[PDB]
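The primary structure of each chain is shown beneath.
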Amino acid sequence: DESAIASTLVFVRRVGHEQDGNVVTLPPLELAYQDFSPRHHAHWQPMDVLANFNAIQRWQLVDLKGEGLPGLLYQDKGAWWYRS
Amino acid sequence: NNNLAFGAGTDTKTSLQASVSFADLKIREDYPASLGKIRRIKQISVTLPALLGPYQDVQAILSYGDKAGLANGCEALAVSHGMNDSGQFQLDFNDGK
Amino acid sequence: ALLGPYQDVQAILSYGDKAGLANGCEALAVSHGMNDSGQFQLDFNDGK
């Protein structure tokens, strides 16, 4: 299934040929991959949880302590605060 | 002198008064007596690590509830933003005041 | 050093010998460790 964004393998079929030109096929293996469709899925969700997360105050999104998701780090004068 | 309360003015009945005593902060204790006995405050700044944004203001007044030979108006400081918030729009320790 | 929530650093730096220093120039108080100095503000041109 070929596109410039990605080309994926979607069908594998084993076939053989007879000496008279006839063709023997087996049921193919069909594959499917997820799609990226922002044109249909663009769901806006308000977020109350990021209270006061201000781009122009001392705030950043960082993972601390090895965690996979970033938390909210605030760097105060004299202390750091963090929401994991 | 270490408490929270609502005020008793005629227009301060809705104001929260957060009060602390210097005597109980144990500031003197941090350094040896031999360094000097006169230990006096030069400047106080207020920090409120609140969910207070860059376009949000806080109204708060810090004042000294006691007798001191302060210059008139030096008895109080107003807070507006809470980030190392001093009593001046510009803080200058060398302006002669 | 590493510090707690809002902890400070108390240290006095002083010269333990004879020198022609004006009173108070014999010592510096450290309040925090961030390249601190003797004053609240350091200015090399204040006439002092």
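Residues numbered from 1 in each chain as written, not as in the entry; some residues may be left out. Chains lettered and ligands numbered in written order. Part of a larger assembly, values for the part shown. Heavy atoms only, no water.

Per the deposited record, determination of this structure is attributed to cryo-EM, with the resolution reported as 3.4 Å.

Under the PDB entry, the name given to chain C is TcdA1, and the source organism is Photorhabdus luminescens.

For chain A, the PDB entry supplies the name TcdB2,TccC3 and the organism Photorhabdus luminescens.

Caption draft 1: Looking closely at the overall build of chain A. Within chain A, the regular secondary structure consists of zero helices and seven strands. Secondary structure elements of chain A, listed N to C terminal, follow the sequence β-β-β-β-β-β-β. A globule of 84 residues ought to have a C-alpha radius of gyration of about 12 Å, yet chain A, at 26 Å, is considerably larger. C-alpha atoms of chain A, sized along the principal axes, occupy 85 × 30 × 20 Å. Put simply, chain A has 84 residues, and 15% of those count as buried. Put simply, of all contacts in chain A between residues at least 6 apart along the chain, 7% involve residues at least 24 apart. By element, 56% of the accessible surface of chain A is carried by carbon and sulfur atoms, the whole surface being about 7600 Å². Taking the average location of the 7 positive side-chain charges in chain A and that of its 10 negative ones, the two points are 15 Å from each other. (Helix = DSSP H or I, 4+ residues; strand = E, 2+ residues; numbered from the N terminus. Rg over C-alpha atoms; globule rule 2.2 N^0.38 Å. Buried < 20%, exposed > 50% of the residue type's maximum accessible area, 1.4 Å probe, protein only. Contact = heavy atoms within 4.5 Å. Areas by Shrake-Rupley, 256 points an atom, 1.4 Å probe, with all protein chains shown as cover. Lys, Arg positive; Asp, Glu negative; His and termini not counted. Charge placed at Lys NZ, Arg CZ, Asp CG, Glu CD.)

Caption draft 2: Region of the structure containing the interface of chain B and chain A. With eleven residues of chain B in contact, the opposing surface of chain A contributes eight residues. Between chain B and chain A, roughly 720 Å² of surface is buried when both sides are summed, and carbon and sulfur atoms account for 65% of that area. Broken down residue by residue, the surface that chain B buries against chain A is led by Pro49(B), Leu51(B) and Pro54(B), which jointly contribute 55%. Inspection of the region where chain B meets chain A yields zero salt bridges. Its residues assigned to classes, the side of chain B that touches chain A comprises seven nonpolar, four polar and no charged. (Buried area = accessible area lost by both parts, 1.4 Å probe. Salt bridge = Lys/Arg side-chain N within 4 Å of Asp/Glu carboxyl O. Nonpolar A, V, L, I, M, F, W, Y, C, P; charged D, E, K, R; others polar.)

Caption draft 3: Layout of the sheet that holds strand β6 (residues 71–75) of chain A. Residue and element names in this part refer to chain A. Taking strand neighbours across the sheet as the criterion, the three strands line up as β5-β6-β7 in an open arrangement whose pairing is antiparallel. The sheet terminates laterally at β5 (59–62) and β7 (80–83), the two strands that pair on one side only. The sheet shows a mean angle of 25 degrees between the axes of neighbouring strands, direction not considered. Pairing of β6 with β7 involves four bridges; the strand directions are antiparallel. Across the sheet, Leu 72 pairs through a bridge with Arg 83, a residue of β7. (Pairing = 2+ DSSP bridges. Axes fitted to C-alpha atoms, helices over the stretch in contact; angles between N-to-C directions.)

Caption draft 4: Broad picture of the nonpolar core. Core analysis: the biggest nonpolar cluster contains five residues, these being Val46(B), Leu52(B), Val58(B), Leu77(B) and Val79(B). In contact with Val58(B), not counting residues within four places along its chain, are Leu48(B), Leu52(B), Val79(B), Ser80(B), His81(B) and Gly82(B). (Core = buried A, V, L, I, M, F, W, Y, C linked by side-chain atoms within 4.5 Å.)

Caption draft 5: Up close: the pairing of strand β4 (residues 76–79) of chain B. Residue and element names in this part refer to chain B. Residues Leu 77 and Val 79 line the buried face of β4, whereas the alternating positions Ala 76 and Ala 78 sit on a face that is not buried. Inspection of the sheet shows strand β3 (residues 60–63) paired to β4 by four bridges, in the antiparallel sense. Across the sheet, residue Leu 62 finds its bridge partner in β4, namely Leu 77.

Caption draft 6: Region of the structure containing unusual backbone geometry. Positive phi, close to 60 degrees, is recorded for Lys65(A), a residue that is not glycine. Residue placement: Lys65(A) occurs in the loop between β5 and β6. Phi is positive for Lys26(B), which is not a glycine, with a value near 55 degrees. Locating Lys26(B) in the fold gives a position in the loop between β2 (16–19) and β3. Taking the relative accessible area as the measure of exposure, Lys26(B) reaches 45% and is therefore partly exposed.

Caption draft 7: Examining the packing of aromatic side chains more closely. Applying the stated criterion across every chain, the model contains four aromatic pairs over all chains. For the pair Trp59(A) and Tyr74(A), a centre-to-centre distance of 4.8 Å together with 50 degrees between the ring planes defines the contact as tilted. One end of the pair, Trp59(A), is in strand β5; the other, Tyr74(A), is in strand β6, with 15 residues separating them in the sequence. The pair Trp59(A) / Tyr74(A) is uniform in exposure class, with both members buried. Judged by centre distance (6.3 Å) and plane angle (45 degrees), the rings of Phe22(B) and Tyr64(B) are tilted. Here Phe22(B), found in the loop between β2 and β3, pairs with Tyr64(B), found in the loop between β3 and β4; they are 42 residues apart in sequence, far enough to count as distant. (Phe/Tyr/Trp six-rings, centres within 6.5 Å; stacked < 30°, edge-to-face > 60°.)

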